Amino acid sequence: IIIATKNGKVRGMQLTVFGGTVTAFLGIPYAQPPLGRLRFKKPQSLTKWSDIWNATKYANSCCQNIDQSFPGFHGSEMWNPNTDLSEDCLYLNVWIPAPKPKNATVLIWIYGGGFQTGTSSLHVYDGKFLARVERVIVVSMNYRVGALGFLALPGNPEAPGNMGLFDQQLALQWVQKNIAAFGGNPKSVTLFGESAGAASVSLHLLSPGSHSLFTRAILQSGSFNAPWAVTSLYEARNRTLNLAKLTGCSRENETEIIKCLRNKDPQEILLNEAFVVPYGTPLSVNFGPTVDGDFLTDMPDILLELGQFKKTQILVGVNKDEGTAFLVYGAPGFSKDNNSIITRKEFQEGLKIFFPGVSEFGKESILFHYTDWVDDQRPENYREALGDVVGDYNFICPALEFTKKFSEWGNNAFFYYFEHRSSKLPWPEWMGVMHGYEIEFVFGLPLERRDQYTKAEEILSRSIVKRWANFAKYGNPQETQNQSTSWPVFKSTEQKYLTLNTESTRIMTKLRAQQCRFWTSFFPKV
């Protein structure tokens, strides 16, 4: 129950899972608290301690704005932080099988949340099930979000940008130096993440300082070429300056802006983040990754196109209705509490909410490519088109594009399409297979019989869990024992992908082919 690390001893705690035992180490620090002079700077390495750190409960989540649109609604609040917010939040968690494994493959989770929110503490990121069932070691970390994590005055080490990514990297570094003490193999480390976590995983494939800190990668509903993933260095500074004026810290010694922003309280920074953007959307990434010349040496589009990334296997996928969840956070005529049958004029208004700085012609082009109905009568037409618009543009087509381009340099890639609508979900049915609702299947929660889950859902989760583990351990996400559909390699030409559902696993080709030719070739030019 006590492990000696390079910076001191840590005491864990024991969990009973499925008649077995998992050892959990919740809240190990991996950096100096980024307080005081350290706010906005890269994470600094931890100086030794001499006691026994008690890693027996989740640590503080990092400071962040909370979604307040559906108070008391679990569909919404399952995503909000479940620990104290604090700037003192650079901690990670380790779940190891009991008894201690000998050379276990390691999975490192990176949460999403638009780079503005999120925490490793969430119920759906609980790694105890993967530890128990597949005898892998699961690690997850908190990393700074919002402006405290990604404020950028480029070149300036007081606010260089990408701090949250450097938090993640330092945690990967911690696993390299320390996980062998826990029974893990530092040579078999698979990163996985969802949404902005998935976009983070992809940027680690680009970043030269992460090359040697992991083996393989899994990207769930996200990647760095998504339109929200990378902030330009011009608008990044425009946003840093708008934050400065909004807080009274406008100086012209740029370093004096930072010192001034450092004497503010977290809440004062958090409440002005929303207004640095001229027009925002429910997908807005106010403060996110930038080309800082340190973590990220060039525009990631160019690195992807010219083959400049870690050469390894990737596992990539998306959900059937990525876009629906965002419609109820602003689109007119939409509500989780009715069937959201919108009219043509409502759809048009929705495009302005989701594509605010886009030309009238650009929005006509979206409407023209998504409103040629097979049947003109059905009243769902517009409601469904706007969901597909937001999901294809923001998630599915970037994920596909990334996989094509990545596979063209010779590495095995596997693509999935998650289309299971969970039996007992609190969101209405019209929202479908929503963004983030594969995560619980990946983490094995449906394996807990004890629950809301059907038997079909238990079997689906058990299969996904085996596929993810085989991918981590062996680079190949097959389930070999139960006469399962083989998962073909995804290649630039044939573009095969595997569907994930409770009924029929199927091999299909060329997901969203018509829609993504629009988003990937026509729409970037408007």
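Residue numbers here begin at 1 and follow the sequence given. If you superpose the two forms and keep the largest set of C-alpha atoms that fall within 1.5 Å, you have the rigid core.
Worksheet item: If you line up the core and then measure how far each C-alpha sits from this form in 8 other deposited structures of this protein, which stretch comes out higher, 276-284 or 172-180?
Response: The stretch that sits farther from the shown form in 8 other deposited structures of this protein is 276-284.
Practice prompt. Just give me the stretch that moves more in 8 other deposited structures of this protein: 440-448 or 424-432, judged by RMS C-alpha distance after a core fit.
Written response: Comparing 440-448 with 424-432, the larger C-alpha deviation in 8 other deposited structures of this protein belongs to 424-432.
Worksheet item: Is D167 left out in a third or more of the other entries?
Response: In none of the comparable entries (those modelling both sides of it) is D167 left without coordinates.
Practice prompt. Can you check if, in at least a third of the other PDB entries compared, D376 has no modelled coordinates?
Written response: Result for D376: often missing, at least a third of the compared entries.
Worksheet item: Which has the higher mean CA temperature factor in the PDB entry, 190-198 or 263-271?
Response: Higher mean C-alpha B-factor in the PDB entry: 263-271.
Item to complete: Between 369-377 and 394-402, name whichever shows the higher mean Cα B factor according to the PDB entry.
Response: It is 369-377 that shows the higher mean C-alpha B-factor.
Worksheet item: Hey, out of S120, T105, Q452, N178, whose CA B-factor is highest in the deposited coordinates?
Response: Among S120, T105, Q452, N178, the PDB entry lists the largest C-alpha B-factor for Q452.
Fill in: Candidate set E322, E438, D126, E158 [ranked by C-alpha B-factor, highest]
Spelled out: the listed residue with the top C-alpha B-factor is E158.
Discussion item. Could you place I464 in the lowest, middle or highest third of its chain by Cα temperature factor, using the values in the record?
Written reply: Lowest third, going by the recorded CA B-factors of the chain.
Discussion item. Using the temperature factors of the C-alpha atoms in this entry, rank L241 within its chain: lowest, middle or highest third.
Written reply: It falls in the top third of the chain.
Worksheet item: Looking at the C-alpha B-factor of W487, is it in the lowest, middle or highest third of its chain?
Response: According to the entry, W487 has a C-alpha B-factor in the chain's lowest third.
Item to complete: Ordered by C-alpha B-factor within the chain, which third holds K310? Give me lowest, middle or highest, please.
Response: As the PDB entry reports it, the C-alpha B-factor of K310 lands in the middle third of its chain.
Worksheet item: Ranked by Cα temperature factor within the chain, is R512 in the lowest third, the middle third or the highest third?
Response: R512: CA B-factor falls in the middle third of its chain.
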